[PDB]
Each structure stands twice: as structure tokens, then as C-alpha cells.
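Down below is the structure, laid out as C-alpha cells.
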Amino acid sequence: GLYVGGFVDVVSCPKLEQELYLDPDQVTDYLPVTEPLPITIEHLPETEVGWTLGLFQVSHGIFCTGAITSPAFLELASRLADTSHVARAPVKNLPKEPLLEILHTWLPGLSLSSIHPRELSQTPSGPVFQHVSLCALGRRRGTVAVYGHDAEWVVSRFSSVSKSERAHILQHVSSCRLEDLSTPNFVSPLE
Ligand SMILES: COc1ccc(Nc2cc(C(=O)O)ccc2NC(=O)c2cccc(CC3CCCCC3)n2)cc1
Ligand SMILES: COc1ccc(Nc2cc(C(=O)O)ccc2NC(=O)c2cccc(CC3CCCCC3)n2)cc1
């Protein structure tokens, strides 16, 4: 299993409009998120690859850490990172950690899916957030996602996240029993 970490765009995934990007201040009252949310690809519910391990308001935005736990996803991505010329083409030559480099460049955006802001003000009936997605398109804010084998290393890549903020994030990550999370539903698109 891998960890992912990054700042999210906050998005409502509207049916009619093409996209709505929320100001983070519109949702910070519902933070932190300390229960697992599905992590999917490009907001597709049949592409669960793992589970969030916390969403926290820090000084420079809303930071998410997550676990990529899907066996079919990790095995496929790991095989492509070692053998696929296409996957490696946008990456620097001969990376020490090809799987981490490939995810970093192909899935650089984290997006947090929220209810519409009209609901956000206020007293929503049920959960404010539906999922976090790894995205290839549609990034607005700065910073990109970091993938790694150890959460502390992932979070400490972000120079804009302070030592106190990182310790707070890492406390929540450590309190999560990875074994207890159900298997995400990702299926290998080759099957
Ligand atoms: C782990 O490997 C994969 C391979 C393909 C998919 N999805 C997919 C599906 C189907 C299908 O259904 O027909 C067709 C195309 C697919 N994927 C893309 O066009 C694409 C574009 C940008 C980023 C990614 C994420 C992936 C890229 C490779 C490194 C691991 C991360 N995928 C998802 C995961
Ligand atoms: C839906 O069916 C498929 C077919 C092939 C793959 N991927 C794959 C496989 C194998 C294999 O097996 O050895 C080797 C390389 C593969 N693909 C990638 O490394 C890669 C990386 C980034 C994005 C994509 C999307 C890809 C899908 C549509 C054509 C254009 C670009 N693919 C993924 C899904």
C-alpha cells in the first residue's frame, strides 16, 4: 500500500454545469474529516483505489492524506511503472521509484467533492463530502500530489505545511487501522 498527500481543489461535481470550484472557506466549518472517504479516479464511483486518512484545514489550504490500498490498482500500476514505455514517457529518465514518479505525474491533482454551497449555509442534513479523487485534468490551485511508502515522508515533502501541522496530520494517520478498511472496488480495465 502507498500513501498519498496533497492540497485539494474543492469541487461540487455539478450535473448541469461543467464544474464549480468552491472557495475553501465555504467548507472549513465541516473540517476536519476524520472518517474514511472513498478515493476514486476522476470522480468515477466504480474506480475506488483507497480511502482518505484525514482532511485538515492548515494555513495554506485543505490538506488530504490517503491510503492507496486496492490490490488490482497497485499491482497494475506497479507493473506499468516497470514495463510501460507510455507510462514512463512523461517522467524523468530512470527514476529510483518509478511507481511513485508515475502516479505523481499522471495523477497530480487531488479534488474533494462537496455538496453544493447553497446547502453549505447551512445545517446540512447528511454528509458534506462524498469522496476524494485523483485527477489528471481540472487542477486550479498550486501544488501537486505526492505518493510514497511512508506517510511522514509524504507530508514532509510539503514545505508549506509546518512541523506542528504535520504532527497533527500524522497523529490522525497513525490512529487509522488500515487493515479494517474494506477493499476498494477498482477493477483492472484490462479485465
Ligand atoms: C493503474 O493503471 C490504470 C490504467 C488505466 C486506468 N483507467 C483507464 C481505463 C480505460 C478503459 O476503461 O477503457 C481507458 C483508459 C484509462 N486510463 C487513462 O486513460 C488514464 C489517463 C490519465 C491517468 C490515468 C491513471 C493511470 C495512468 C497510468 C499510471 C497509473 C495511473 N489513466 C486506470 C488505472
Ligand atoms: C482499457 O483497456 C486498457 C488497455 C491498456 C491499458 N494500459 C496499459 C497496459 C499495458 C500492458 O498490459 O502491458 C501497457 C501499457 C498500458 N498503458 C499505460 O501504460 C498507460 C499509461 C497512461 C495512460 C494510459 C491510457 C492508455 C489507454 C488508451 C490508449 C492510450 C493510452 N495508459 C489500460 C487499459
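FYI, it's all coordinate maths here, none of it is from the lab. All Cβ positions, even for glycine, are placed from backbone atoms using ideal geometry, and neighbour counts span all protein chains on display.
Could you tell me whether region 110-126 includes any residue that is crowded, with 20+ Cβ neighbours inside 10 Å and more than 12 Å from the chain's Cα centre (by Cα)?
Within region 110-126, one or more residues are crowded, with 20+ Cβ neighbours inside 10 Å and more than 12 Å from the chain's Cα centre (by Cα).
Conditions: (1) within 15 Å of ligand 1 (Cβ to nearest atom); (2) closer than 20 Å to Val49 by Cβ; (3) not small (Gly, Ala, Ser). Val155 meets all but one. Number of the miss?
(1)
Go through (1) touching an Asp or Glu at 6+ places or on another chain (Cβ under 8 Å); (2) free of Cβ contacts under 8 Å to residues at least 24 places away in the same chain; (3) within 30 Å of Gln171 (Cα to Cα) and name the single condition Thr105 misses.
It fails just one condition, (1).
Taking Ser162 as meeting all but one of (1) farther than 17 Å from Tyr3 by Cα; (2) within 11 Å of ligand 1 (Cβ to nearest atom), write down the number of the exception.
(2)
Name the single residue, out of those in region 84-102 being assigned to a helix (DSSP H, G or I) and under 17 Å from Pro189 (Cα atoms), that is farthest from ligand 1 (Cβ to nearest atom).
Top of the filtered list is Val86.
Run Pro36 past the list (1) of a type outside the set (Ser, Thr, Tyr); (2) within 10 Å of ligand 1 (Cβ to nearest atom); (3) in contact (Cβ under 8 Å) with a residue 60 or more places away in the chain; (4) surrounded by fewer than 21 Cβ atoms within 10 Å (Cβ to Cβ) and report the number of the one that doesn't hold.
Only one criterion in (1) of a type outside the set (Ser, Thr, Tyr); (2) within 10 Å of ligand 1 (Cβ to nearest atom); (3) in contact (Cβ under 8 Å) with a residue 60 or more places away in the chain; (4) surrounded by fewer than 21 Cβ atoms within 10 Å (Cβ to Cβ) is unmet by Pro36, namely (2).
Just one of the numbered conditions (1) more than 23 Å from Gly142 (Cα to Cα); (2) surrounded by 14 or more Cβ atoms within 10 Å (Cβ to Cβ) is not true of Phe63; which one?
Unmet for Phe63, out of (1) more than 23 Å from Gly142 (Cα to Cα); (2) surrounded by 14 or more Cβ atoms within 10 Å (Cβ to Cβ): (1).
In region 41-60, which residue that is under 14 Å from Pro189 (Cα atoms) and touching a helix residue (DSSP H, G or I) at 6+ places or on another chain (Cβ under 8 Å) is surrounded by the fewest Cβ atoms within 10 Å (Cβ to Cβ)?
Only one residue tops the list, namely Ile41.
Does at least one position in region 59-74 carry a residue that is assigned to a strand (DSSP E or B) and more than 23 Å from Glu165 (Cα to Cα)?
Scanning region 59-74 turns up no residue that is assigned to a strand (DSSP E or B) and more than 23 Å from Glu165 (Cα to Cα).
Among the listed residues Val155, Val144, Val132, which satisfies the condition of being part of a loop (DSSP other than H, G, I, E, B) and under 13 Å from the mean Cα position of the chain (by Cα)? Walk me through it before giving the result.
Numbers: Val155 fails: part of a loop (DSSP other than H, G, I, E, B); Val132 fails: part of a loop (DSSP other than H, G, I, E, B).
Exactly one residue qualifies, and that residue is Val144.
Would it be correct to say that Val91 is on the phi < 0 side of the Ramachandran plot and surrounded by fewer than 22 Cβ atoms within 10 Å (Cβ to Cβ)? Spell out the reasoning first.
Working: on the phi < 0 side of the Ramachandran plot: yes; surrounded by fewer than 22 Cβ atoms within 10 Å (Cβ to Cβ): yes.
Answer is yes for this residue.
Within region 74-95, how many residues are more than 12 Å from ligand 2 (Cβ to nearest atom) and in contact (Cβ under 8 Å) with a residue 60 or more places away in the chain? Steps first, please.
Residues of region 74-95 more than 12 Å from ligand 2 (Cβ to nearest atom): 74, 92-95.
Then keep just the ones that are in contact (Cβ under 8 Å) with a residue 60 or more places away in the chain; that gives 74.
Final tally of qualifying residues: 1.
List the residue pairs whose Cβ atoms are under 8 Å apart, where the first residue sits in region 139-156 and is polar (S, T, N, Q), the second is crowded, with 21+ Cβ neighbours inside 10 Å, and the two are 6 or more positions apart or on different chains.
Every condition considered, the pairs that remain are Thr143/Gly6; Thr143/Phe7.
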